[PDB]
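Participant: Submitted below is the structure of interest, expressed as structure tokens.
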Amino acid sequence: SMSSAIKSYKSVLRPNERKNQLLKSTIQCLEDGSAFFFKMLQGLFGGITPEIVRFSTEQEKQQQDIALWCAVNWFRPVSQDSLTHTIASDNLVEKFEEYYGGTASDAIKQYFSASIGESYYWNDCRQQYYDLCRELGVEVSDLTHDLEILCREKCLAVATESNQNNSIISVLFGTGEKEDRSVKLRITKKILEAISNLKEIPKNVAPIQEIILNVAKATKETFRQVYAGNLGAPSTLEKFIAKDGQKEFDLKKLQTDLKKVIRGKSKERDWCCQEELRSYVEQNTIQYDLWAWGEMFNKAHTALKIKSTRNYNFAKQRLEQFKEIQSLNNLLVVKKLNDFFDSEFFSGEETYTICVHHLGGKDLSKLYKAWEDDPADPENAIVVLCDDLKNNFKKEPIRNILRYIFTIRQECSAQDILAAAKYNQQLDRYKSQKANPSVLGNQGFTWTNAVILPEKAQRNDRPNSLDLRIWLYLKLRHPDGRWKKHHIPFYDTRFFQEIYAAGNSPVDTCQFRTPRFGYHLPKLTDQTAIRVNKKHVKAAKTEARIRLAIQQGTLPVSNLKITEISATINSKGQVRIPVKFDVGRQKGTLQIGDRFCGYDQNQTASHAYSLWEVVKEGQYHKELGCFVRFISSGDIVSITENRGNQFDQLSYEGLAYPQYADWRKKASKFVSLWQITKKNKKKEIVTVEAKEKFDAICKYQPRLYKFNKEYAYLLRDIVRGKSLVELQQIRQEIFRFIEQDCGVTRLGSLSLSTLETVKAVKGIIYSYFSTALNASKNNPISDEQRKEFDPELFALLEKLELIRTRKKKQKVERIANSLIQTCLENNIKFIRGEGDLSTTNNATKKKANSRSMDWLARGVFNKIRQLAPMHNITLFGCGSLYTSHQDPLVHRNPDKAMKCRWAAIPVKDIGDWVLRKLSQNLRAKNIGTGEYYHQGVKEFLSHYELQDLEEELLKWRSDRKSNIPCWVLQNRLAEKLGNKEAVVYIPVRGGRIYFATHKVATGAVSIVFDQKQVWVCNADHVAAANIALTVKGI
RNA sequence: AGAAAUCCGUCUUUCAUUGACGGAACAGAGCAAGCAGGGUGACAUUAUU
DNA sequence: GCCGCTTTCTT
DNA sequence: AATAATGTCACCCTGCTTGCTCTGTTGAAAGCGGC
DNA sequence: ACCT
Ligand SMILES: [Mg+2]
Ligand SMILES: [Mg+2]
Ligand SMILES: [Mg+2]
């Protein structure tokens, strides 16, 4: 079938005063009718029955909890604006049972027992339904009968059966002739009859078309008139009659569609309360208008259905969580675990929830073993495990909690202790968990056929200024209630460029006139002569280029064949323009010649991509079950130029050290004048001269943006113990750093490091405000106070955060663009990406969590997911586990194959940290990836013939005076490699080098290491290859 | 149908009226975390009496 | 053919 | 032993800040009468 | 496990 995607444009409307008033009144009208339908539909959904739900969910393959669907429609947490019949949560269960005829299910119990925010209140929508029946002056059974018709006609969304657009307005309040349903039902039933018992199932549809025409007593030219009275969109049966006749016949499918029609049309639409309901709606809104009532209904109905569905799923989830909690609730082990706070191993003012990560997690087991194996030295076992654990990502255990656990290890096993910690976390999260309130929301309203078509646009073009206006033609409601259409303009140079400007190209047709869709605008020259206001130049430039393209006759004509464009408008005048377009036919599974890629997301280094082809002959891959060939690997990059020099906006690290001496000098003059205040001995004040820290920062010659982050921290430290006078002087320095020369307000790339730098600068200003206003636990400060004290610098807080927000949005867009453009250029139809990456969690260090917040792994994946189907490129998510260590084309071909990662360190640069890592890795044989790094250390010693060192290398702990020095390893390696500048391969986690069996990374070179031929590859390119080769779902 | 308008943004000790460039959007609810001060509380290294 | 309205469509 | 420097780790608070998921929307396709 |  033909796949499609959606692009869109967003601007603000510019109506004159009179039309602005009309638009304001029309939107207010639509909004008030929306609130009315919201309350009325809340009432009507309060009125559904178990048997309506049963009928709507009946063909569902998984059985639905009908009682729970009833519940999520009968009782809703709601806002004060729709609260009509307050119910205490106490009574929820009881009242539900009264309505349901039986005991409330456990999932329903979880839904009722869940928390709600303070501005929300439980509302009994079934009582609201009864009172609505009274207001309408109809019997309850009558309105319920009409509700059954509505839910059968798909006019309302019930459970898993979605609504049929806005059809409710036409079906219930429409003024026109309707279908002859009995005719369609008879014809459909006999057609299913006739095709039920065929003694020869034809391969083509011609005999079946014969049968249908004979039953319907019509010809191919009269079937529509006979069957549907020439009314409505063509049915499946009409289009079956329309088919060629040599086309193949799917008997199963025709029977399925005919059964659908018999099921949906067996009961007629005989309303009981139609005219009451129409009078009610019209009195509470405006005189009947299909479009306007449709918009009101759409807003209200969407708002209600999304929350009912979410609460259904949430209640099921909550029941599962509750059963998991009550399962591992070992009363005694939990109680003694928490008795840690009531024991003298804790002297804190307050307690806190004990979690798995506070215990070391699984490794608590190991610790118990130590205690079994060497009692009466428990402190050393604790210290050894803690040192072995320490990870730059995971949060370290609480030493006293482990100390107290030793006390009770005879009574409480390791597994029961970790079960108890898991129970603590799960119960806490279960208790704060909140049900979802039904609220109208602030969605806008859509006018259909609102944009004047580009080829019909009124254009007041000048020789040097194209008419840049796009006009909507909208029906608006006047004070007398009359609807009239008015022209309202808006500007969008991107919508102008991509679609709306009048193309004149003799030979070119494209979908969107922008580079990623294959079109580039002409270059501006010395003849361009742009003379506009300063605040329009960029827009002017785009206009100029389009003008040039029209003058050259090279502006492509849009091939989208747009016949109507709709516009969605809100109360603030903003307009949204959706454009749907076809992207090609749906792809089949991998053929030979199909190309696919994978991408690896990195933080400090570039995202990597790896490009592969399915081949007829070549290297076989089991998991793909095909032959594959490596095309190429690379770094994801987004270059822009400054007078010929290139910059990767994604990775640029700013000026090298020697190139910003002046800037550094200025910072230097400041720090020589100041000192850091510190008072954590007693209340006595300790002074250190800031230059000490500044020299330390400048010692290892960082590049510009790292330097700026480090200097931001320094400034914050300088600001900490000062007085107001001092702060006034310091305020002058803070402004110079932020605003001039190399400050984040003029320089900084889209790199993660730059975002962290801007965050550190915000930290400076935050510390300024905290110290100035004497902040404390008993004296919290607010934004009101901060703004009153120093409005300008408080404004800089928001400005810096907006800078970060804009950087991050632009960055996500640019990463997706670079990868998609790589795919288009290398004819890639499939992308694999890690859909698995961590966001943030209590078990992770706050520094790593903050970095991950600025990393935006999920956002990047979502953006690639958004852009890929716009070029018929499929994106698959895959689990990220072990993708950095698998050996490409060897792992799962046929067996599991993994290796450590390596770094290329010059021998002179081999410091005590290398020994730390080497020692740790060697004495680190364990489950998971440690085994591969222990193996890598083994191979390292073998290759460099340093095995004699292994022994003492294993006794290496940090700070031991009898540790082997760096000069030892450096001198052996320089003995063997000849000099001090030759590289040494070291196994280190996160290293950028992978020793691959195969040449699976562009630019790899083969060496022999530990008597093994192996390709020295970029580790992230290896990871991208691993991701590309994965087939398993996430 | 009313000549005005950066649609929204990015890079650069380069800030550009011919510099180089990028983007489907929107609503509500929910969840997860971060920071600046301030408190608590454990450990570890130095360097001494 | 267009506009503005109706209806049904099982995608 | 014991004091005090400097660093690590964690746990809490007030009042702000952020990213991510969920469940949805931005209709399709035909005829009619009046232009 | 990703992430260094
Ligand atoms: Mg990865
Ligand atoms: Mg700038
Ligand atoms: Mg990687």
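Heads up: the first sequence begins at 177 in our numbering, then just goes up one per residue. Backbone N, C-alpha and C define an ideal beta-carbon position, used for all residues, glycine too.
Smallest Cα separation from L217: which of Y649, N1147, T780, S614?
Facilitator: Taking the first sequence and counting its residues from 1, the one referred to as residue 217 is at position 41. Here the closest residue by C-alpha is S614.
Participant: I need the DSSP call for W623, collapsed to helix, strand or coil.
Facilitator: The count along the first sequence starts at 1 and reaches residue 623 at position 447. In this structure, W623 counts as strand in the three-state DSSP scheme.
Participant: Compute the minimum distance between the beta carbon of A418 and the heavy atoms of ligand 1, and state whether it is under 6 angstroms.
Facilitator: Start at 1 with the first residue of the first sequence, and residue 418 comes out as number 242. No, Cβ of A418 sits at least 6 angstroms from all heavy atoms of ligand 1.
Participant: Buried or exposed for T432, going by 16 or more other Cβ atoms inside 10 Å?
Facilitator: Position 256 of the first sequence holds residue 432. Result: exposed.
Participant: If you scan the stretch 1102–1166 from start to end, which runs of the beta strand (DSSP E) of 3 or more residues do you find wholly inside it?
Facilitator: If we require 3 residues or more, the beta strand (DSSP E) runs fully inside the stretch 1102–1166 come out as 1159–1163.
Participant: Within 10 angstroms of its Cβ, does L1043 collect 16 or more other Cβ (buried), or is it exposed?
Facilitator: Your numbering for residue 1043 matches position 867 in the first sequence. So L1043 ends up on the buried side.
Participant: Can you give me the start and stop residues for the alpha helix (DSSP H) that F582 sits inside?
Facilitator: Position 406 of the first sequence, counted from the first residue, corresponds to residue 582. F582 -> alpha helix (DSSP H) spans 575–583.
Participant: Does the distance from the C-beta atom of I706 to that of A716 stay below 7 angstroms?
Facilitator: The residue you call residue 706 lines up with position 530 of the first sequence. The residue you call residue 716 lines up with position 540 of the first sequence. Yes, Cβ-Cβ distance for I706 and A716 is below 7 angstroms.
Participant: To the nearest angstrom, how far is it from the Cα of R585 to the Cα of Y544?
Facilitator: Looking up residue 585 in the first sequence gives position 409. Looking up residue 544 in the first sequence gives position 368. Cα to Cα, the separation comes out at about 7 angstroms.
Participant: Is it the case that the CB of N1017 approaches a heavy atom of ligand 3 more closely than 6 angstroms?
Facilitator: By one-based count along the first sequence, residue 1017 stands at place 841. No, the Cβ of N1017 stays beyond 6 angstroms of every heavy atom of ligand 3.
Participant: Below 8 angstroms on the Cβ atoms is my guess for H1119 versus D1186; work out the distance and round it to an integer in Å.
Facilitator: Numbered from its first residue, the first sequence carries residue 1119 at position 943. Numbered from its first residue, the first sequence carries residue 1186 at position 1010. Confirmed, Cβ separation roughly 4 angstroms.
Participant: Which of the three DSSP states is assigned to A705 in this structure?
Facilitator: The sequence position of residue 705 within the first sequence is 529, counting from 1. The answer is coil: DSSP assigns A705 none of H, G, I, E or B.
Participant: Would you decide whether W1089 is buried or exposed? Buried here means 16 or more other CB atoms lie within 10 Å of its CB.
Facilitator: Locating residue 1089 in the first sequence gives position 913, where the first residue counts as 1. Under this definition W1089 is an exposed residue.
Participant: Tell me which same chain residues have a C-beta within less than 8 angstroms of the C-beta of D604, skipping the five on either side of it?
Facilitator: Position 428 of the first sequence, counted from the first residue, corresponds to residue 604. Correct list, in chain order: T529.
Participant: Distance, Cα to Cα, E207 vs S201?
Facilitator: Numbered from its first residue, the first sequence carries residue 207 at position 31. Numbered from its first residue, the first sequence carries residue 201 at position 25. Their Cα atoms are separated by approximately 10 angstroms.
Participant: Does the separation of the CB atoms of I501 and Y403 fall below 7 angstroms?
Facilitator: The residue labelled residue 501 in the question sits at position 325 within the first sequence. The residue labelled residue 403 in the question sits at position 227 within the first sequence. Going by C-beta atoms, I501 is not nearer than 7 angstroms to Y403.
Participant: Span of the beta strand (DSSP E) holding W1078?
Facilitator: Position 902 of the first sequence, counted from the first residue, corresponds to residue 1078. Here the beta strand (DSSP E) through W1078 covers 1078–1082.
Participant: Which runs of the alpha helix (DSSP H) at least 4 residues long sit entirely within the stretch 1003–1078? Give them in chain order.
Facilitator: Fully enclosed alpha helix (DSSP H) runs of 4 or longer: 1022–1031, 1033–1043.
Participant: For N735, does the three-state DSSP call read helix, strand or coil?
Facilitator: Start at 1 with the first residue of the first sequence, and residue 735 comes out as number 559. Correct three-state label for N735: coil.
Participant: Under 6 angstroms: does the beta carbon of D643 sit that close to some heavy atom of ligand 1?
Facilitator: On the first sequence, position 467 is the one that residue 643 refers to. No, ligand 1 has no heavy atom inside 6 angstroms of this Cβ.
Participant: Mapping the DSSP letters down to three states, classify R638 as helix, strand or coil.
Facilitator: Start at 1 with the first residue of the first sequence, and residue 638 comes out as number 462. Three-state DSSP puts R638 in a strand.
Participant: According to DSSP, what are the bridge partners of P665?
Facilitator: Translated into positions along the first sequence, residue 665 becomes position 489. Paired residues: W647.
Participant: Can you tell me the Cα-Cα spacing of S210 and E471, whole angstroms?
Facilitator: The sequence position of residue 210 within the first sequence is 34, counting from 1. The sequence position of residue 471 within the first sequence is 295, counting from 1. Using only the alpha carbons, I get a separation of about 8 angstroms.
Participant: Mapping the DSSP letters down to three states, classify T398 as helix, strand or coil.
Facilitator: In the first sequence, residue 398 corresponds to position 222, counting from 1. In the structure shown, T398 sits in coil (DSSP, three-state: anything other than H, G, I, E or B).
Participant: Can you list, in chain order, the residues of its chain whose CB lies under 8 angstroms from that of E424, leaving out five sequence neighbours each side?
Facilitator: Translated into the one-based positions of the first sequence, residue 424 becomes position 248. Excluding positions up to five away in sequence, the list reads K379, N380, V381.
Participant: From which residue to which residue does the alpha helix (DSSP H) around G470 run?
Facilitator: Counted from its first residue, the first sequence places residue 470 at position 294. That run of the alpha helix (DSSP H) goes 466–503.
Participant: Can you tell me whether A1199 sits near ligand 3, meaning its C-beta is under 6 angstroms from at least one heavy atom of the ligand?
Facilitator: Within the first sequence, residue 1199 is the residue found at index 1023, counting from 1. Answer for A1199: yes, Cβ within range of ligand 3.
Participant: Can you list, in chain order, the residues of its chain with a C-beta nearer than 6 angstroms to that of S187? Leave out the 5 residues immediately preceding and following it.
Facilitator: One-based indexing of the first sequence puts residue 187 at position 11. Result list for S187: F666, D668, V751, in chain order.
Participant: Output yes or no for whether 7 angstroms exceeds the beta carbon distance between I367 and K396.
Facilitator: For this step, residue 367 is matched to residue 191 along the first sequence. For this step, residue 396 is matched to residue 220 along the first sequence. Taking 7 angstroms as the Cβ cut-off, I367 and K396 do not qualify as a contacting pair.
Participant: Let me know if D266 comes out buried or exposed under the rule of 16 or more other beta-carbons within 10 Å of its beta-carbon.
Facilitator: Residue 266 sits at position 90 when you count from the first residue of the first sequence. Counting Cβ neighbours within 10 Å, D266 comes out exposed, since fewer than 16 surround it.
Participant: Once you ignore the five residues that flank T1015 on each side, which residues in its own chain have a CB closer than 7 angstroms to its CB?
Facilitator: Walking along the first sequence from the start, residue 1015 turns up at place 839. So the list reads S1028, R1034, once near-sequence residues are dropped.
Participant: Can you determine whether any heavy atom of ligand 1 sits closer than 6 angstroms to the C-beta of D776, and answer yes or no?
Facilitator: By one-based count along the first sequence, residue 776 stands at place 600. Yes, ligand 1 has a heavy atom inside 6 angstroms of this Cβ.
Participant: Could you compute how far the alpha carbon of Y276 sits from the alpha carbon of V254?
Facilitator: On the first sequence, position 100 is the one that residue 276 refers to. On the first sequence, position 78 is the one that residue 254 refers to. Rounded to whole angstroms, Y276 to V254 spans 21 angstroms at the Cα level.
Participant: List the endpoints of the continuous beta strand (DSSP E) containing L787.
Facilitator: Here the question's residue 787 lines up with position 611 in the first sequence. Per DSSP, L787 belongs to the beta strand (DSSP E) from 784–791.
Participant: Quick one: is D1030 buried, meaning 16 or more other Cβ sit within 10 Å of its Cβ, or exposed?
Facilitator: Here residue 1030 refers to the residue found at position 854 when the first sequence is read from its first residue. So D1030 counts as buried.
Participant: With 16 as the cutoff for other CB atoms within 10 Å, does residue 1250 come out buried or exposed?
Facilitator: This structure leaves residue 1250 out entirely; the chain is present only between 177 and 1210.
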